[PDB]
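Working notes, beginning with the structure itself.
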Amino acid sequence: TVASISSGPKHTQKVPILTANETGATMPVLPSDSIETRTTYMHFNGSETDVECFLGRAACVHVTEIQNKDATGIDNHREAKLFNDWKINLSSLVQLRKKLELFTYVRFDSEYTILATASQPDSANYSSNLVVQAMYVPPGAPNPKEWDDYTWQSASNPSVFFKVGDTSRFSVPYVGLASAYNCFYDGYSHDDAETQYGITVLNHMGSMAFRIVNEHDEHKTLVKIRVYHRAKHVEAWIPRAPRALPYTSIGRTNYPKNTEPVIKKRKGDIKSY
Amino acid sequence: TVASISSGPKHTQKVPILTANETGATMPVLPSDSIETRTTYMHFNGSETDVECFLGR
Amino acid sequence: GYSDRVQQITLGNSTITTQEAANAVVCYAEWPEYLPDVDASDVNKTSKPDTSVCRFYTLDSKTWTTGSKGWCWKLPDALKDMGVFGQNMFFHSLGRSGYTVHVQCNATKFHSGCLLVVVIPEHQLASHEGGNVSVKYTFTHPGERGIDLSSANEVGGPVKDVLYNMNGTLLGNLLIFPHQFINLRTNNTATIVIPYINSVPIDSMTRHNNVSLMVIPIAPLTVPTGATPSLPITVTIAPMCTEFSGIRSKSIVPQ
Amino acid sequence: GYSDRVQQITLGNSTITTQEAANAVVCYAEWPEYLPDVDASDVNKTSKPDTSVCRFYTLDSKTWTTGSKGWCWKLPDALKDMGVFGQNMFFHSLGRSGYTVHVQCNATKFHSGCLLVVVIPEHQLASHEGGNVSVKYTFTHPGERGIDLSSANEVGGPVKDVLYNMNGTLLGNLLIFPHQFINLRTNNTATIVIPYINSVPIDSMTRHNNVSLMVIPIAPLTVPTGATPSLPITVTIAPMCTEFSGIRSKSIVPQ
Amino acid sequence: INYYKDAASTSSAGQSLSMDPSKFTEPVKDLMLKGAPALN
Amino acid sequence: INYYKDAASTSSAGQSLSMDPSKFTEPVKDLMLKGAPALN
Amino acid sequence: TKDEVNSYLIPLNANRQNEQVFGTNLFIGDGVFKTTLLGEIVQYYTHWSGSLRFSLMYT
Amino acid sequence: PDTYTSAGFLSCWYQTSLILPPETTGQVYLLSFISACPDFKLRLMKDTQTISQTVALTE
Ligand SMILES: Cc1cc(CCCOc2c(C)cc(-c3noc(C(F)(F)F)n3)cc2C)on1
């Protein structure tokens with residue numbers, strides 16, 4: 001594959017470098033169209049910039065917390081973090097979000113990796129070997145209310161049991177209801193004057209609940225859970241303007257008020273180098 | 001596998017939507033039996049509802 | 001003697017001519033088409049009114065002044081009240097369509113100004129309030145009037161900073177979307193053919209706007225010494241390959 | 001075991017069933033069809049909404065009592081406000097259509113009564129005033145409600161004597177027109193398929209009613225001892241092979 | 001070799017190797033030849 | 001490849017791919033044709 | 001007020017014209033459908049698609 | 001039940017009206033049935049909200 005062909009002097013009626021950008025087209029002008037060039041080869045395929053590679057690596061998409069402690073007298077297990085849940089979404093942590101939002105529609109399979117790390121902030125005689133249970137609770141499935149509900153039986157919901165300090169790994173097929181996931185959605189759930197706007201109404205993927213299976217020890221253990229997402233078998237459509245301003249909320253395109261200029265201001269002239 | 005066949009207007013002596021449930025049978029009536037339909041495909045096998053899968057976890 | 005500048009577009013009983021065009025853009029190089037069986041899900045036979053809805057509808061003219069920020073229309077919203085197309089929109093549960101957008105603006109060889117005409121699929125607007133505030137239905141359904149980017153914020157409405165495309169992205173990058181410029185010194189019209197773009201075969205035409213059209217002044221308007229400091233901008237849109245499905249009662253929408 | 005009595009008619013997304021029919025009449029043995037090139041004059045490509053207008057619309061039910069004289073509807077008038085069909089009617093200069101008329105009326109094997117259901121092409125009504133008085137637009141455009149033959153005369157309106165078919169001809173000879181009877185002891189529904197009948201290829205659908213449908217009690221209603229002395233009559237009509245031409249502004253008609 | 005029954009569990013797809021920028025760079029109705037006047 | 005001697009130790013069977021609802025939907029003695037009067 | 005054979009009986013009234021007999025939204029995983037075999041099985045899954053067969057038998 | 005994903009509404013009305021014969025009085029009822037067409041698809045298995053317990057059952 002040639003990068004540049006050999007091209008010499010020129011004196012024509014054919015002017016490749018004069019165009020009309022109001023047509024909306026970006027004419028494929030090459031260096032050999034405006035200067036004398038020599039032959040060079042690409043020695044390059046562009047593998048690393050393939051959308052499969054671009055979205056094909058794990059990125060942290062959520063961090064949450066649960067803890068192992070005596071549940072005696074706790075009236076709201078959920079609030080006490082005896083167990084916690086995550087309303088599944090990929091737009092909470094901004095790094096992966098900006099990448100995905102480089103496109104309008106996106107379709108792919110997902111590979112999840114869940115890392116659980118223990119912590120004992122105050123006096124403990126040892127570190128306990130806790131087992132985490134991550135259960136997927138799809139829309140319509142009964143949500144856990146107590147860390148040891150009948151819901152954790154998980155007869156139909158899928159769930160993994162892994163050691164804290166260890167990692168959990170599994171993949172999920174493309175689960176969108178449509179032919180592709182929407183990164184943006186200029187619409188509502190119905191024609192209502194007050195209903196929510198944006199993908200907020202589209203990305204209703206249920207949530208996944210986490211808990212520590214072990215009963216409590218004398219001391220209290222804080223387990224932090226990090227979920228990583230890697231896309232595979234990727235397809236992307238309709239490229240768009242990259243995000244410029246900071247995000248403020250999951251799902252909305254909203255940006256903060258009194259935000260700072262994102263375009264750098266010259267320390268001098270428009271003639272400055 | 002077709003999900004729905006193409007079906008147009010109708011004016012017959014053949015009434016597929018009139019049955020007698022006291023027979024104990026659930027006649028396989030389709031949308032194309034009561035409305036005008038277009039052709040669509042299943043793109044679906046029903047793997048996840050196989051008893052092997054249902055009790056298989 | 002055929003030129004990129006002279007064109008005629010005939011849809012239904014409506015025809016458009018322009019003697020100062022700059023070619024025409026066909027979004028993602030795809031001409032609109034009807035929904036093929038292989039992609040269909042909805043089993044209802046669809047209705048194709050053809051020429052009674054696939055024709056040019058001219059919106060109300062806007063006035064481009066030395067201080068204009070820009071305008072934003074949404075489809076199919078902008079045509080929600082246009083003849084038979086509009087009626088079909090509310091009488092059916094689902095619908096799908098493509099369009100030919102034709103923006104007009106003439107001046108003289110003494111004027112100067114440059115409008116960016118761009119089509120943005122799934123243009124989800126942002127709330128000027130930031131945080132997690134939503135943008136109420138009415139404010140993204142301005143209809144034929146469209147949204148004036150130089151108008152003041154309003155409760156429940158979207159942010160209208162031209163610089164941030166009403167969505168947190170920079171104006172300069174709007175060119176990644178199918179667009180065209182109306183550079184008075186070259187142009188006087190912009191034409192964009194939009195094919196149906198969505199993650200579903202067909203969809204609700206009232207609760208979802210597939211794309212929004214934006215006409216944004218980049219190089220400000222300049223009129224010759226002592227001339228009227230304004231120019232009109234006219235938007236004409238024609239639906240094409242329009243299909244409606246699931247006919248019934250007729251929606252009653254917010255406001 | 002197929003019978004003349006059991007039938008199903010499916011048009012668009014609407015279906016009708018009857019288990020006590022008496023066959024069905026096809027006016028002059030001709031099924032409705034679209035306008036062929038050889039007969040066309042108007043050069044405009046026509047619009048064929050198909051299933052969005054070719055479906056069954058059910059009018060308001062009438063009440064048949066021991067003293068009812070009869071009812072008269074006019075087409076396309078009676079459907080002037082029915083969904084997309086109605087809209088197309090007023091948005092186009094011209095149109096042409098056929099219909100499937102289905103009149104319903106059930107009772108019991110103890111009741112008795114006989115309704116004449118007839119379709120009359122060019123049913124030009126007479127003025128009760130005689131002389132050379134005309135019948136004003138509104139009075140021949142009752143819409144879905146229809147004209148009640150037992151109602152009193154009104155200024156500008158038509159004569160309503162059932163015996164004289166509202167036009168100076170005798171009731172008994174109405175049978176020369178495509179008709180059917182709903183004889184409670186035999187029937188419960190009447191079905192008539194009407195092809196487009198006119199001296200012109202296509203026509204205005206607001207200023208001209210091609211046919212009028214009449215439901216006239218011949219043998220009076222009779223209910224069993226102590227039963228409600230009334231029965232409802234329902235009229236359902238579906239346009240077929242409907243074509244519209246010359247789309248524009250949308251008529252504004254008298255009243 | 002694939003160890004699992006479902007497609008979703010396989011590893012990455014491998015370079016699409018299609019690459020056609022023209023649907024974004026030249027989405028014009030009338031073909032424009034490099035060198036020929038853009039507006040004739 | 002199966003690593004164990006007994007059948008019970010192998011993994012899931014894979015879609016039966018039979019699917020005949022009629023033994024539940026139409027367990028009638030005399031065949032009933034869609035469209036023909038249910039009770040003749 | 002409680003589960004009864006009567007909750008399966010849709011009342012029909014003589015000599016009523018135009019009137020409505022019954023109504024219901026079509027969330028097959030809730031409401032009237034929730035306890036039916038269809039609704040019951042449907043609830044073992046998150047997504048559904050296809051056509052429903054609704055029948056009425058006169059008694 | 002999800003709004004964006006709603007299926008619509010089902011209703012029944014009197015086309016004409018119910019007529020009873022002599023010496024017959026009161027109410028007649030309709031029985032309604034629901035089932036899926038071969039059209040039907042179901043996916044993403046999950047636990048149902050139609051069953052639960054507070055403690056393990058014993059013999
Ligand atoms: C955009 C976009 C795309 C997606 C896909 C979300 C996938 O949702 C899941 C997740 C996050 C986990 C599981 C899952 N299955 O088993 C487990 C367990 F191990 F966590 F229990 N988790 C299943 C689905 C459908 O979400 N937002």
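Convention: chains lettered A, B, ... in structure tokens order; per-chain residue numbering from 1; ligands numbered from 1 as shown.
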Name the residues in contact with residue 13 in chain F at a cut-off of 9 Å, using only C-alpha atoms, excluding same-chain residues fewer than 3 positions from it; report them as a PyMOL selection string. (chain B and resi 52-53) or (chain F and resi 10+16)
Report as a list in words which protein, DNA and RNA residues come within 7 Å of ligand 1, using only C-alpha atoms and all ligand atoms. residues 88, 89, 90, 110, 134, 135, 136, 158, 159, 160, 170, 172, 174, 175, 181, 182, 183, 203, 205 and 208 of chain A
Would you mind exporting C-alpha atoms of the selected residues as a compact mmCIF listing (two decimals), in the first residue's frame?
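Result file follows (again-v9.txt):
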```
# COMPACT_ATOMS: atom_id res chain seq x y z
CA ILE A 88 -26.97 -0.56 35.52
CA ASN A 89 -25.77 2.11 33.10
CA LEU A 90 -22.53 3.01 31.34
CA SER A 110 -20.25 -7.09 26.88
CA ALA A 134 -23.55 -10.42 42.58
CA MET A 135 -27.06 -11.06 41.30
CA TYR A 136 -28.59 -9.58 38.17
CA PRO A 158 -28.12 -15.20 37.06
CA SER A 159 -25.52 -14.51 39.78
CA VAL A 160 -21.86 -15.16 40.64
CA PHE A 170 -18.44 -13.35 32.46
CA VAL A 172 -23.33 -10.81 28.33
CA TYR A 174 -26.22 -7.64 23.31
CA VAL A 175 -29.39 -7.18 25.40
CA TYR A 181 -28.14 0.72 21.96
CA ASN A 182 -28.91 4.44 21.78
CA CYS A 183 -26.21 6.74 23.11
CA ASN A 203 -31.78 2.50 29.19
CA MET A 205 -31.69 -2.40 32.19
CA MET A 208 -27.44 -5.83 39.94
```
Could the residues of chain G within 8 Å of chain B, counting only C-alpha atoms, be given as a PyMOL selection string, please? chain G and resi 51+53+57
Counting only C-alpha atoms, collect the residues of chain D whose closest atom lies at most 9 Å from chain B, and write them out as a ChimeraX atom specification. /D:2-15,17,51
Preceding selection exported with N, CA and C atoms as a compact mmCIF listing (two decimals), in the first residue's frame:
```txt
# COMPACT_ATOMS: atom_id res chain seq x y z
N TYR D 2 -70.03 -24.41 4.51
CA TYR D 2 -70.06 -22.96 4.26
C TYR D 2 -71.47 -22.50 3.89
N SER D 3 -71.91 -21.43 4.54
CA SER D 3 -73.24 -20.90 4.34
C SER D 3 -73.35 -19.45 3.90
N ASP D 4 -74.45 -19.17 3.21
CA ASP D 4 -74.81 -17.85 2.72
C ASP D 4 -75.03 -16.92 3.92
N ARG D 5 -75.31 -17.55 5.06
CA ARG D 5 -75.59 -16.87 6.31
C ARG D 5 -74.38 -16.40 7.09
N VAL D 6 -73.29 -17.15 7.02
CA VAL D 6 -72.10 -16.78 7.76
C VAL D 6 -71.09 -16.09 6.86
N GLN D 7 -70.64 -14.91 7.27
CA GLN D 7 -69.68 -14.17 6.47
C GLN D 7 -68.71 -13.34 7.27
N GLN D 8 -67.57 -13.06 6.65
CA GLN D 8 -66.55 -12.24 7.24
C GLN D 8 -66.05 -11.28 6.17
N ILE D 9 -65.92 -10.01 6.54
CA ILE D 9 -65.42 -9.01 5.62
C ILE D 9 -64.30 -8.29 6.34
N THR D 10 -63.12 -8.33 5.75
CA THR D 10 -61.96 -7.69 6.34
C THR D 10 -61.44 -6.61 5.40
N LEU D 11 -61.40 -5.38 5.89
CA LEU D 11 -60.90 -4.25 5.13
C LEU D 11 -59.98 -3.47 6.06
N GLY D 12 -58.71 -3.35 5.68
CA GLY D 12 -57.77 -2.64 6.53
C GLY D 12 -57.55 -3.39 7.83
N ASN D 13 -57.71 -2.71 8.96
CA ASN D 13 -57.54 -3.36 10.25
C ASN D 13 -58.89 -3.60 10.90
N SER D 14 -59.94 -3.61 10.09
CA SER D 14 -61.28 -3.82 10.59
C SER D 14 -61.93 -5.05 9.98
N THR D 15 -62.60 -5.84 10.82
CA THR D 15 -63.28 -7.03 10.35
C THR D 15 -64.71 -7.09 10.86
N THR D 17 -68.21 -9.67 11.12
CA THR D 17 -68.71 -11.04 11.03
C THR D 17 -70.21 -10.99 11.20
N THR D 51 -55.28 1.08 3.05
CA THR D 51 -55.83 0.65 4.34
C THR D 51 -56.14 1.72 5.37
```
Tell me which protein, DNA and RNA residues are within 8 Å of residue 28 in chain H, counting only C-alpha atoms, leaving out same-chain ones fewer than 3 positions away, and put them as a list in words.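 Within the cut-off, the hits are residues 11, 12, 13 and 59 of chain G.
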Would you please give, as a list in words, all residues of chain E that DSSP assigns to alpha helix (DSSP H) based on the backbone?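 Filtering chain E down to alpha helix (DSSP H) leaves residues 22, 23, 24 and 25 of chain E.
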Could you name the residues that touch range 180-192 of chain C at 8 Å or less, counting only C-alpha atoms, but leaving out those on the same chain fewer than 5 positions away, as number ranges by chain? A: 21-24; C: 18, 20-27, 100-109, 111-119
Distance cut-off 6 Å, counting only C-alpha atoms - which residues of chain A neighbour chain E? Return them as a PyMOL selection string. chain A and resi 14-16+19-20+25-26+47+109+171+173+232-233
